[PDB]
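Engineer: Hey, dropping structure_35.cif in here, mmCIF, C-alpha atoms:
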data_protein
loop_
_atom_site.group_PDB
_atom_site.id
_atom_site.type_symbol
_atom_site.label_atom_id
_atom_site.label_comp_id
_atom_site.auth_asym_id
_atom_site.auth_seq_id
_atom_site.Cartn_x
_atom_site.Cartn_y
_atom_site.Cartn_z
ATOM 1 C CA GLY A 1 139.370 86.573 74.864
ATOM 2 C CA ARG A 2 141.990 84.556 76.673
ATOM 3 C CA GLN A 3 142.110 85.230 80.420
ATOM 4 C CA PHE A 4 144.275 83.518 83.007
ATOM 5 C CA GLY A 5 143.018 80.312 84.507
ATOM 6 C CA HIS A 6 141.530 79.214 81.184
ATOM 7 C CA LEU A 7 144.709 79.015 79.060
ATOM 8 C CA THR A 8 145.963 75.423 79.220
ATOM 9 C CA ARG A 9 146.665 72.406 81.524
ATOM 10 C CA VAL A 10 150.048 72.263 83.304
ATOM 11 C CA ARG A 11 151.302 69.779 85.911
ATOM 12 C CA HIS A 12 154.344 69.199 88.131
ATOM 13 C CA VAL A 13 156.286 72.362 87.433
ATOM 14 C CA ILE A 14 157.714 74.444 90.248
ATOM 15 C CA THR A 15 158.784 78.092 89.742
ATOM 16 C CA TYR A 16 161.144 79.762 92.154
ATOM 17 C CA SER A 17 161.189 83.549 91.862
ATOM 18 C CA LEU A 18 162.754 86.359 93.765
ATOM 19 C CA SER A 19 161.516 89.863 94.463
ATOM 20 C CA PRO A 20 162.954 92.675 92.205
ATOM 21 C CA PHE A 21 163.995 94.565 95.336
ATOM 22 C CA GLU A 22 166.299 91.751 96.352
ATOM 23 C CA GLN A 23 168.193 91.203 93.256
ATOM 24 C CA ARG A 24 170.228 93.242 90.835
ATOM 25 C CA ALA A 25 168.846 94.653 87.586
ATOM 26 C CA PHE A 26 172.182 94.113 85.845
ATOM 27 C CA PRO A 27 173.945 91.019 87.242
ATOM 28 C CA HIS A 28 177.057 89.877 85.335
ATOM 29 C CA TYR A 29 176.190 92.621 82.711
ATOM 30 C CA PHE A 30 179.503 92.919 81.015
ATOM 31 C CA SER A 31 180.879 89.592 82.337
ATOM 32 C CA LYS A 32 178.189 87.147 81.054
ATOM 33 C CA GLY A 33 176.653 89.796 78.816
ATOM 34 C CA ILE A 34 179.215 90.434 76.085
ATOM 35 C CA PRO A 35 180.073 86.694 75.477
ATOM 36 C CA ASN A 36 176.378 86.168 74.811
ATOM 37 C CA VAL A 37 176.136 88.843 72.179
ATOM 38 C CA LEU A 38 179.206 87.442 70.400
ATOM 39 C CA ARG A 39 177.669 83.950 70.561
ATOM 40 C CA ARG A 40 174.359 85.287 69.218
ATOM 41 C CA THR A 41 176.305 87.017 66.475
ATOM 42 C CA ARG A 42 178.185 83.759 65.472
ATOM 43 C CA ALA A 43 174.917 81.925 65.383
ATOM 44 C CA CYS A 44 173.450 84.330 62.923
ATOM 45 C CA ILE A 45 176.167 85.936 60.687
ATOM 46 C CA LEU A 46 176.140 83.212 58.056
ATOM 47 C CA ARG A 47 172.436 83.718 57.611
ATOM 48 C CA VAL A 48 172.149 87.495 57.842
ATOM 49 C CA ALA A 49 175.540 88.822 56.491
ATOM 50 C CA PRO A 50 175.905 87.176 53.006
ATOM 51 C CA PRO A 51 172.729 88.606 51.353
ATOM 52 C CA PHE A 52 173.784 92.012 52.454
ATOM 53 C CA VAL A 53 177.363 91.912 51.139
ATOM 54 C CA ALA A 54 175.982 90.661 47.846
ATOM 55 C CA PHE A 55 173.989 93.968 47.740
ATOM 56 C CA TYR A 56 177.022 95.984 49.034
ATOM 57 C CA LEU A 57 179.019 94.637 46.159
ATOM 58 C CA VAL A 58 176.195 95.094 43.586
ATOM 59 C CA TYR A 59 175.860 98.712 44.881
ATOM 60 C CA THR A 60 179.539 99.761 44.525
ATOM 61 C CA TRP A 61 180.003 97.999 41.190
ATOM 62 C CA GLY A 62 176.661 99.444 39.961
ATOM 63 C CA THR A 63 177.754 102.935 40.800
ATOM 64 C CA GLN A 64 181.217 102.517 39.178
ATOM 65 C CA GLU A 65 179.812 101.196 35.910
ATOM 66 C CA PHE A 66 177.312 104.044 35.678
ATOM 67 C CA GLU A 67 179.853 106.894 36.331
ATOM 68 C CA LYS A 68 182.557 105.332 34.205
ATOM 69 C CA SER A 69 180.049 104.952 31.382
ATOM 70 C CA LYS A 70 179.445 108.670 30.820
ATOM 71 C CA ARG A 71 183.059 109.076 29.624
ATOM 72 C CA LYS A 72 184.607 108.129 26.241
ATOM 73 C CA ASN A 73 187.838 107.828 24.263
ATOM 74 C CA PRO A 74 187.785 107.385 20.320
ATOM 75 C CA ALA A 75 184.748 107.437 17.897
ATOM 76 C CA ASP B 224 177.648 72.279 129.875
ATOM 77 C CA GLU B 225 180.926 74.215 129.149
ATOM 78 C CA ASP B 226 182.228 74.265 125.582
ATOM 79 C CA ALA B 227 179.995 73.143 122.619
ATOM 80 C CA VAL B 228 176.817 75.143 123.500
ATOM 81 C CA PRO B 229 176.004 77.535 120.594
ATOM 82 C CA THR B 230 173.218 80.112 120.389
ATOM 83 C CA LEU B 231 170.814 80.693 117.519
ATOM 84 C CA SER B 232 171.871 82.697 114.531
ATOM 85 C CA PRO B 233 169.311 85.092 112.992
ATOM 86 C CA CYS B 234 167.500 83.951 109.869
ATOM 87 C CA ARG B 235 167.363 86.244 106.894
ATOM 88 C CA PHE B 236 163.807 86.688 105.578
ATOM 89 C CA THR B 237 163.842 86.841 101.833
ATOM 90 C CA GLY B 238 160.601 87.637 100.112
ATOM 91 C CA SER B 239 159.977 85.745 97.012
ATOM 92 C CA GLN B 240 157.737 83.140 95.516
ATOM 93 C CA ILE B 241 157.428 79.422 95.048
ATOM 94 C CA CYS B 242 154.740 78.195 92.693
ATOM 95 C CA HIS B 243 154.004 74.529 92.377
ATOM 96 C CA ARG B 244 151.654 74.329 89.432
ATOM 97 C CA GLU B 245 149.517 71.168 89.468
ATOM 98 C CA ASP B 246 146.247 71.323 87.569
ATOM 99 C CA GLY B 247 145.335 67.868 88.722
ATOM 100 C CA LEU B 248 144.454 69.067 92.227
ATOM 101 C CA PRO B 249 140.937 70.693 92.356
ATOM 102 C CA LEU B 250 141.489 73.698 94.636
ATOM 103 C CA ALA B 251 144.398 76.104 94.849
ATOM 104 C CA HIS B 252 146.247 76.729 98.053
ATOM 105 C CA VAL B 253 148.051 80.046 98.537
ATOM 106 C CA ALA B 254 149.989 81.369 101.536
ATOM 107 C CA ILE B 255 151.387 84.927 101.602
ATOM 108 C CA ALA B 256 153.307 86.682 104.372
ATOM 109 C CA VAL B 257 155.562 89.554 105.317
ATOM 110 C CA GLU B 258 158.274 89.238 107.912
ATOM 111 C CA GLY B 259 156.980 89.516 111.397
ATOM 112 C CA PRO B 260 159.078 90.256 114.457
ATOM 113 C CA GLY B 261 159.831 87.488 116.897
ATOM 114 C CA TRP B 262 158.218 86.153 120.074
ATOM 115 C CA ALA B 263 159.688 88.857 122.278
ATOM 116 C CA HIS B 264 158.373 91.963 120.420
ATOM 117 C CA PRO B 265 155.580 93.919 122.149
ATOM 118 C CA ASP B 266 153.882 94.602 118.900
ATOM 119 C CA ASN B 267 152.577 91.041 118.355
ATOM 120 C CA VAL B 268 149.500 92.140 120.249
ATOM 121 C CA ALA B 269 148.512 94.922 117.769
ATOM 122 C CA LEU B 270 149.204 92.505 114.892
ATOM 123 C CA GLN B 271 146.922 89.931 116.438
ATOM 124 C CA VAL B 272 144.185 92.561 116.787
ATOM 125 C CA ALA B 273 144.482 93.507 113.099
ATOM 126 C CA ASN B 274 144.547 89.836 112.092
ATOM 127 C CA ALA B 275 141.449 89.250 114.183
ATOM 128 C CA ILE B 276 139.639 92.091 112.365
ATOM 129 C CA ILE B 277 140.390 90.252 109.090
ATOM 130 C CA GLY B 278 139.664 86.963 110.840
ATOM 131 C CA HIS B 279 138.895 83.696 109.137
ATOM 132 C CA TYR B 280 136.331 82.038 106.971
ATOM 133 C CA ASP B 281 135.204 78.676 105.972
ATOM 134 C CA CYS B 282 132.325 77.468 103.827
ATOM 135 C CA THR B 283 130.584 75.941 106.870
ATOM 136 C CA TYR B 284 130.286 79.212 108.785
ATOM 137 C CA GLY B 285 126.736 80.348 109.299
ATOM 138 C CA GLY B 286 126.405 84.021 108.572
ATOM 139 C CA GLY B 287 127.684 84.809 105.130
ATOM 140 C CA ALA B 288 126.855 88.247 103.975
ATOM 141 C CA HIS B 289 126.558 89.671 107.486
ATOM 142 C CA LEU B 290 129.986 88.770 108.802
ATOM 143 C CA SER B 291 131.835 91.823 110.205
ATOM 144 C CA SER B 292 135.133 91.211 108.459
ATOM 145 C CA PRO B 293 134.825 92.625 104.971
ATOM 146 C CA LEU B 294 137.110 89.889 103.521
ATOM 147 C CA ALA B 295 134.956 87.193 105.041
ATOM 148 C CA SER B 296 131.768 88.885 103.935
ATOM 149 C CA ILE B 297 132.862 89.553 100.317
ATOM 150 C CA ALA B 298 134.291 86.022 100.169
ATOM 151 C CA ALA B 299 131.040 84.466 101.272
ATOM 152 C CA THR B 300 128.664 86.411 99.016
ATOM 153 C CA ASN B 301 130.765 86.345 95.980
ATOM 154 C CA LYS B 302 131.955 82.771 96.815
ATOM 155 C CA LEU B 303 135.603 83.663 96.362
ATOM 156 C CA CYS B 304 136.967 80.826 98.465
ATOM 157 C CA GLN B 305 136.410 77.727 100.455
ATOM 158 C CA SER B 306 138.389 78.918 103.418
ATOM 159 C CA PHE B 307 140.917 81.535 104.524
ATOM 160 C CA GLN B 308 142.832 82.230 107.702
ATOM 161 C CA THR B 309 145.091 84.968 108.873
ATOM 162 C CA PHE B 310 148.160 83.992 110.894
ATOM 163 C CA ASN B 311 151.037 85.388 112.868
ATOM 164 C CA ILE B 312 153.707 82.754 113.240
ATOM 165 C CA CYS B 313 156.522 83.519 115.744
ATOM 166 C CA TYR B 314 160.151 82.414 115.873
ATOM 167 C CA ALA B 315 163.239 83.793 117.723
ATOM 168 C CA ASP B 316 163.668 87.188 116.095
ATOM 169 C CA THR B 317 161.501 86.833 113.138
ATOM 170 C CA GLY B 318 158.157 85.450 111.945
ATOM 171 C CA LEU B 319 155.607 85.107 109.156
ATOM 172 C CA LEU B 320 152.625 87.398 109.195
ATOM 173 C CA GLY B 321 149.895 86.958 106.714
ATOM 174 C CA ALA B 322 147.129 84.804 105.423
ATOM 175 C CA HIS B 323 146.412 81.494 103.695
ATOM 176 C CA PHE B 324 143.469 80.570 101.520
ATOM 177 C CA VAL B 325 141.917 77.752 99.518
ATOM 178 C CA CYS B 326 139.898 78.373 96.371
ATOM 179 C CA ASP B 327 138.784 77.488 92.876
ATOM 180 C CA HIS B 328 141.172 78.164 90.041
ATOM 181 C CA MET B 329 139.218 81.238 88.822
ATOM 182 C CA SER B 330 139.153 82.954 92.154
ATOM 183 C CA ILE B 331 142.765 83.342 93.144
ATOM 184 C CA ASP B 332 143.068 86.802 91.644
ATOM 185 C CA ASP B 333 139.878 88.264 93.280
ATOM 186 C CA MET B 334 140.857 86.613 96.556
ATOM 187 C CA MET B 335 144.338 88.250 96.565
#
What's the structure tokens form of this structure?
Structural biologist:
Amino acid sequence: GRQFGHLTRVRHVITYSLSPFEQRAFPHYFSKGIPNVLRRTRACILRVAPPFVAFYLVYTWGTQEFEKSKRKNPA
Amino acid sequence: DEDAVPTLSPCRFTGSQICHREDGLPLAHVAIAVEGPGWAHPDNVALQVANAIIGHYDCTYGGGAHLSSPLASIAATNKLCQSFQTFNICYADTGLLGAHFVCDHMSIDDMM
């Protein structure tokens, strides 16, 4: 279902738009663009990054213990 | 006269959209137009002929289904509007050429 004209009630909202043939597809692409990705990165590192390094560490340690274990000195 | 008498500068036509959503009003009003040429241009006559072919409609016109203009006819039988009118507005070197209509919320798409 769904349709358009039966979704919900909206009042007093104007929407100015401009035709795609009158504007640029990539406005300040590098100018405003890159700052935004850095800002999006800041916003999320502390939530995405840590779990992963914990694995990165568990992975390298895990490998070292295993390979070092199949060796032996006395007895 | 003398100094301080300027002329008229041309007006860039843009081509965009302004939507003022207001579900409290009971019928939608829509006006769409391309850029027409100004008063002077010889081709306002052919535009007026084409506009006439499309014509106008209103719910109080007698003759529904049998109206010549296909827009008018399909609008009347299928009840796609309350009214519609073509127009050709003229200004110095530009103008608005198109149509305006008034209809129920579920008929804007078919009407367009």
Engineer: Written as a PyMOL selection string, which residues does the PyMOL selection byres ((chain B and resi 298) around 10) give for the file shown?
Structural biologist: chain B and resi 280-282+287-288+292-297+299-307+330+333-334
Engineer: As a PDB file with C-alpha atoms, in the frame of the given file, could you give me every residue of chain B near chain A (at most 6 Å apart, counting all atoms listed in the file)?
Structural biologist:
ATOM      1  CA  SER B 239     159.977  85.745  97.012  1.00  0.00           C
ATOM      2  CA  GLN B 240     157.737  83.140  95.516  1.00  0.00           C
ATOM      3  CA  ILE B 241     157.428  79.422  95.048  1.00  0.00           C
ATOM      4  CA  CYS B 242     154.740  78.195  92.693  1.00  0.00           C
ATOM      5  CA  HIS B 243     154.004  74.529  92.377  1.00  0.00           C
ATOM      6  CA  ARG B 244     151.654  74.329  89.432  1.00  0.00           C
ATOM      7  CA  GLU B 245     149.517  71.168  89.468  1.00  0.00           C
ATOM      8  CA  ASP B 246     146.247  71.323  87.569  1.00  0.00           C
ATOM      9  CA  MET B 329     139.218  81.238  88.822  1.00  0.00           C
TER      10      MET B 329
END
Engineer: If the box runs along x, y and z of the file and leaves 5 Å on each side of stretch 260-270 of chain B, what are its centre and edge lengths in Å, one decimal, as JSON?
Structural biologist:
{"center_x": 154.2, "center_y": 90.5, "center_z": 118.4, "size_x": 21.3, "size_y": 18.8, "size_z": 17.8}
Engineer: Report the residues retrieved by the PyMOL selection byres ((chain B and resi 315) around 12) from the displayed file, expressed as a PyMOL selection string.
Structural biologist: chain B and resi 230-235+259-264+312-314+316-319
Engineer: Pull out every residue that the PyMOL selection byres ((chain B and resi 273) around 12) matches in the shown coordinates and put them as a ChimeraX atom specification.
Structural biologist: /B:266-272,274-279,292,309-311,320-322
Engineer: Just how far from atom CA of residue B:332 is atom CA of residue B:290, in Å to one decimal?
Structural biologist: 21.7 Å
Engineer: I'd like the interatomic distance between atom CA of residue B:325 and atom CA of residue B:283, to a tenth of an Å.
Structural biologist: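 According to the coordinates, atom CA of residue B:325 and atom CA of residue B:283 are separated by 13.6 Å.
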Engineer: To one decimal place in Å, what is the distance between atom CA of residue B:238 and atom CA of residue A:23?
Structural biologist: 10.8 Å
Engineer: Have stretch 57-70 of chain A completed to N, CA, C and O atoms, please, and pass it along as a short mmCIF file (atom, residue, chain, number, x, y, z; two decimals), in the coordinates of the input.
Structural biologist:
data_model
loop_
_atom_site.label_atom_id
_atom_site.label_comp_id
_atom_site.auth_asym_id
_atom_site.auth_seq_id
_atom_site.Cartn_x
_atom_site.Cartn_y
_atom_site.Cartn_z
N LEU A 57 178.22 94.79 47.34
CA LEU A 57 179.02 94.64 46.16
C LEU A 57 178.25 95.13 44.93
O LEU A 57 178.77 95.96 44.18
N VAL A 58 177.01 94.66 44.75
CA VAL A 58 176.20 95.09 43.59
C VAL A 58 176.02 96.63 43.55
O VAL A 58 176.02 97.24 42.47
N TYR A 59 175.98 97.25 44.74
CA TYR A 59 175.86 98.71 44.88
C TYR A 59 177.11 99.49 44.39
O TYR A 59 176.99 100.46 43.63
N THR A 60 178.29 99.08 44.88
CA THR A 60 179.54 99.76 44.52
C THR A 60 179.94 99.53 43.06
O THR A 60 180.38 100.47 42.38
N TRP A 61 179.77 98.30 42.58
CA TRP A 61 180.00 98.00 41.19
C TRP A 61 179.04 98.82 40.34
O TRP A 61 179.46 99.49 39.41
N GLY A 62 177.74 98.74 40.68
CA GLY A 62 176.66 99.44 39.96
C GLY A 62 176.88 100.93 39.79
O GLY A 62 176.55 101.52 38.76
N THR A 63 177.45 101.54 40.82
CA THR A 63 177.75 102.94 40.80
C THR A 63 178.95 103.20 39.88
O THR A 63 178.88 104.10 39.04
N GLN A 64 180.01 102.38 40.01
CA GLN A 64 181.22 102.52 39.18
C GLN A 64 180.92 102.40 37.72
O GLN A 64 181.40 103.19 36.96
N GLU A 65 180.13 101.39 37.33
CA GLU A 65 179.81 101.20 35.91
C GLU A 65 179.09 102.41 35.34
O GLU A 65 179.47 102.94 34.30
N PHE A 66 178.10 102.88 36.07
CA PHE A 66 177.31 104.04 35.68
C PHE A 66 178.16 105.33 35.41
O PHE A 66 178.07 105.93 34.33
N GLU A 67 178.99 105.70 36.40
CA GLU A 67 179.85 106.89 36.33
C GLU A 67 180.97 106.78 35.31
O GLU A 67 181.36 107.78 34.70
N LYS A 68 181.51 105.58 35.16
CA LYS A 68 182.56 105.33 34.20
C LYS A 68 181.98 105.30 32.80
O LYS A 68 182.71 105.53 31.82
N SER A 69 180.68 105.05 32.69
CA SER A 69 180.05 104.95 31.38
C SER A 69 179.83 106.26 30.65
O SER A 69 179.83 106.29 29.42
N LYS A 70 179.67 107.34 31.40
CA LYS A 70 179.44 108.67 30.82
C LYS A 70 180.76 109.38 30.42
O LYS A 70 180.86 110.60 30.49
#
